[PDB]
Amino acid sequence: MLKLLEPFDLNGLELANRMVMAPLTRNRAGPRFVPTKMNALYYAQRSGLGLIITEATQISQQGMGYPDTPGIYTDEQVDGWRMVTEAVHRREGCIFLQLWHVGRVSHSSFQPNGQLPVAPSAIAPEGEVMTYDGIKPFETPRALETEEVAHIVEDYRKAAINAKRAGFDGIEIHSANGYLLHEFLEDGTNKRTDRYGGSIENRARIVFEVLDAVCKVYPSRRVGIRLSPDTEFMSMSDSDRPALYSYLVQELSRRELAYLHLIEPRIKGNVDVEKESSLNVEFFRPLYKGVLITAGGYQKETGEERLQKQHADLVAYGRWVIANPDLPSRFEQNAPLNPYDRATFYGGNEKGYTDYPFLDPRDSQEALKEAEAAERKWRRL
Ligand SMILES: Cc1cc2nc3c(=O)[nH]c(=O)nc-3n(C[C@H](O)[C@H](O)[C@H](O)COP(=O)(O)O)c2cc1C
């Protein structure tokens, strides 16, 4: 009777339910940022969510800012992802890759040749960044040249090609939470005088150039995009956030994308924040006519209410899905939720990753069986 559990038709993709695994960085890639059988098991365990969106995945080394996140820019990486999509699909799930570029939210120690992180403008974000050699203050980024934007758009296009080869059903453009594309959108961080700056249509230009490039690889109905309309995360700030996103979302709605994915302002990246705001999903439902995913702070009842009042079509759960790989079944059965342990969110191994229990141990068996079948299929002989 919960609409959270109703099957849903995402333009030909037959999702088992209306719940989404939110994208979640977990910093557990193998060498050279290559996914492992362990990551395949983690996603296979979570195959019962109607749609999985992967952890952010950098389209280049230039686009990384955190240790051991997976990439999608080499064939070695694609081959590792193949285990992930194989295992998920053998469990009859559906999975999109989230394409990432951290922009200024990085450190030269992550960058090729010790180069500075790149960004629209040379403003450092207030805060500290973890590096291979300890915590360090943020560097002033290098502002990108006009000629280098098309280069990064092309990195997205190649990443989409690689995602398709790795067997992903679709891709999600990360345009939220203070990374490169969000930095271009906002005028606390955009400070360009060329066509990628100033105008609200100039500050969104890169986002629509990325969409153009990846929609030459995937049909637009298999390309999603994620936005954080009102967050202070990673020193973000805009002069007229209501104006900025009204246009973007309205411009997005005519692009015939797979979906629009909105983060609630009550989330500040990866933690909850007490924040009153008008730019939540109720505000954007009218301004976007396609499939709308709402994310951030939901429980069973609040997520259910968004769907009943038709304020969104799909609800994404992050931290609860870390801890409850069978979250849909727990909701259907009215079962307790495993508590999430934040100390094992980032980095490490199976602990706090694949060792959260299931209601039905056969679910856990089947995920393991497909992870190991997947490795045998795609092993690097
Ligand atoms: C550990 C962790 C990792 C995350 N990684 C990503 C990410 O890679 N990309 C992204 O868009 N959001 C990421 N998020 C934000 C989540 O997708 C989600 O919006 C957030 O957890 C709030 O949703 P929730 O209340 O259901 O947990 C992450 C959040 C957490 C807690």
Side-chain angles (χ1 to χ4, degrees), residues 56 62-66 100-108 111 116-130 136-146 148-149 152-153 173-211 225-252 260-281 283-284 287 295-296:
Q62 192 196 244
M64 91 184 275
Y66 305 86
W100 206 18
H101 191 311
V102 299
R104 68 180 181 177
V105 184
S106 182
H107 190 90
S108 67
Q111 293 288 329
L116 291 169
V118 306
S121 295
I123 300 90
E126 307 98 60
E128 279 213 283
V129 63
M130 184 63 74
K136 293 261 186 272
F138 276 101
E139 300 154 316
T140 306
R142 183 179 65 85
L144 281 162
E145 293 302 341
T146 305
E148 294 178 309
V149 168
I152 298 181
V153 167
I173 302 304
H174 197 284
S175 199
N177 291 347
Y179 301 120
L180 186 68
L181 297 187
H182 196 203
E183 293 156 23
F184 265 92
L185 293 182
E186 292 207 351
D187 63 49
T189 48
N190 189 359
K191 312 283 208 225
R192 298 164 80 87
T193 49
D194 68 1
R195 57 169 208 274
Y196 294 108
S199 179
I200 292 184
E201 290 180 348
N202 277 3
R203 57 186 47 200
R205 186 185 308 261
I206 194 179
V207 168
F208 292 93
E209 297 186 342
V210 175
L211 278 177
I225 188 161
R226 195 172 210 221
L227 305 171
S228 57
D230 191 4
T231 178
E232 279 62 68
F233 183 66
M234 291 310 114
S235 305
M236 299 301 294
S237 65
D238 182 78
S239 70
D240 203 333
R241 262 177 198 173
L244 162 56
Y245 290 108
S246 296
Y247 167 80
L248 179 61
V249 176
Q250 276 188 297
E251 199 54 36
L252 285 172
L260 181 63
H261 188 172
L262 283 179
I263 308 185
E264 289 287 280
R266 63 199 206 241
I267 297 295
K268 205 199 187 203
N270 57 1
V271 296
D272 296 337
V273 72
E274 310 312 287
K275 180 185 158 352
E276 190 185 1
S277 166
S278 65
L279 290 158
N280 59 40
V281 66
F283 173 107
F284 287 110
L287 304 101

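For the numbers below, each heavy atom of this structure counts, side chains included, while hydrogens, waters and symmetry mates do not. In this chain, numbering begins with 1 at the start of the sequence shown.
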Problem set entry | Distance in Å, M234 CE paired with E126 CD, rounded so as to fall on 0.5 Å steps | 10.0 Å
Seminar exercise, completed: Heavy atoms of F283 and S278 approach each other most closely as CB-O, 3.1 Å
Problem set entry | side chain to side chain contact (heavy atoms under 4.5 Å, CB included) evaluation trace for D238 with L185 | CA-CA 8 Å; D238 182 78; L185 293 182; over 6 Å; no
Exercise. What's the verdict on side chain to side chain donor-acceptor pair (under 3.5 Å) for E186 and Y245, showing C-alpha distance, side-chain angles and the deciding distance?
Worked result: CA-CA 10 Å; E186 292 207 351; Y245 290 108; 3.1 Å; yes
Problem set entry | Residues forming a side chain to side chain contact (heavy atoms under 4.5 Å, CB included) with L144, sequence neighbours excluded | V118, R142, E148, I152, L180, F184, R192
For this session: I would like to know whether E201 and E251 meet side chain to side chain contact (heavy atoms under 4.5 Å, CB included); could you show each step before the answer?
Result: CA-CA 10 Å; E201 290 180 348; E251 199 54 36; 5.6 Å; no
Problem set entry | Under 3.5 Å: donor-acceptor pair, side chain of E183, backbone of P120 | no
For this session: Could you tell me whether the side chain of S121 and the main chain of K191 form a donor-acceptor pair under 3.5 Å?
Result: yes
Exercise. Does the salt bridge (charged side-chain N to carboxylate O under 4.0 Å, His left out) test come out yes or no for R266 and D272, once each step is laid out?
Worked result: CA-CA 6 Å; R266 63 199 206 241; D272 296 337; over 6 Å; no
Problem set entry | Main-chain N/O of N190 paired with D187 side-chain donor or acceptor, under 3.5 Å | no
Problem set entry | Exercise: identify the closest heavy-atom pair between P141 and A124 | CD-N, 3.6 Å
For this session: Kindly determine whether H174 and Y179 satisfy side chain to side chain contact (heavy atoms under 4.5 Å, CB included), including the steps that lead there.
Result: CA-CA 8 Å; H174 197 284; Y179 301 120; 3.3 Å; yes
Seminar exercise, completed: Minimal heavy-atom distance between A204 and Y247, with the atoms involved, is CB-CE2, 4.4 Å
Exercise. Strictly by modelled atom types, are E209 and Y196 linked by a side-chain donor-acceptor pair under 3.5 Å?
Worked result: yes
Problem set entry | Heavy-atom side-chain contact between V129 and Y66 under 4.5 Å | no
Exercise. Distance-only, no hydrogens or angles: does the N280 side chain make a donor-acceptor pair with backbone N or O of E264 under 3.5 Å?
Worked result: no
Problem set entry | Non-hydrogen atoms of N177 and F233 that approach each other most closely | O-CD2, 3.1 Å
Problem set entry | Side-chain touch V207/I173, heavy atoms, less than 4.5 angstrom | no
Problem set entry | Test item: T231 and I267 side chains (from C-beta on) under 4.5 Å apart, heavy atoms | no
For this session: Could you tell me the separation between the CG atom of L248 and the CZ atom of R203, rounded to the nearest 0.5 Å?
Result: 11.0 Å
Exercise. Will you find, in the side chains of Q111 and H107, an N or O donor that is under 3.5 Å from an N or O acceptor?
Worked result: no
Exercise. Just by distance, do the side chain of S106 and the backbone of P117 share a donor-acceptor pair under 3.5 Å?
Worked result: no
Seminar exercise, completed: Residue set satisfying side chain to side chain contact (heavy atoms under 4.5 Å, CB included) with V249, at least two apart, ordered chain then number -> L227, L260, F284, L287, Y288
Exercise. Are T140 and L116 close enough that some pair of their side-chain heavy atoms sits under 4.5 Å apart?
Worked result: no
For this session: Report the distance from atom CG of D240 to atom CD1 of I200, rounding to the nearest 0.5 Å.
Result: 6.0 Å
Exercise. Sequence neighbours excluded, which residues qualify as side chain to side chain contact (heavy atoms under 4.5 Å, CB included) partners of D230?
Worked result: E232, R241, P265, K275, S277, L279
For this session: Evaluate side chain to side chain contact (heavy atoms under 4.5 Å, CB included) for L211 paired with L252, printing each intermediate quantity in order.
Result: CA-CA 10 Å; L211 278 177; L252 285 172; 3.6 Å; yes
For this session: Taking the side chain as every heavy atom from C-beta outward, state whether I123 and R104 have any pair of such atoms under 4.5 Å apart.
Result: yes
For this session: Check whether any side-chain heavy atom of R226 sits under 4.5 Å from a side-chain heavy atom of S175, and report yes or no.
Result: no
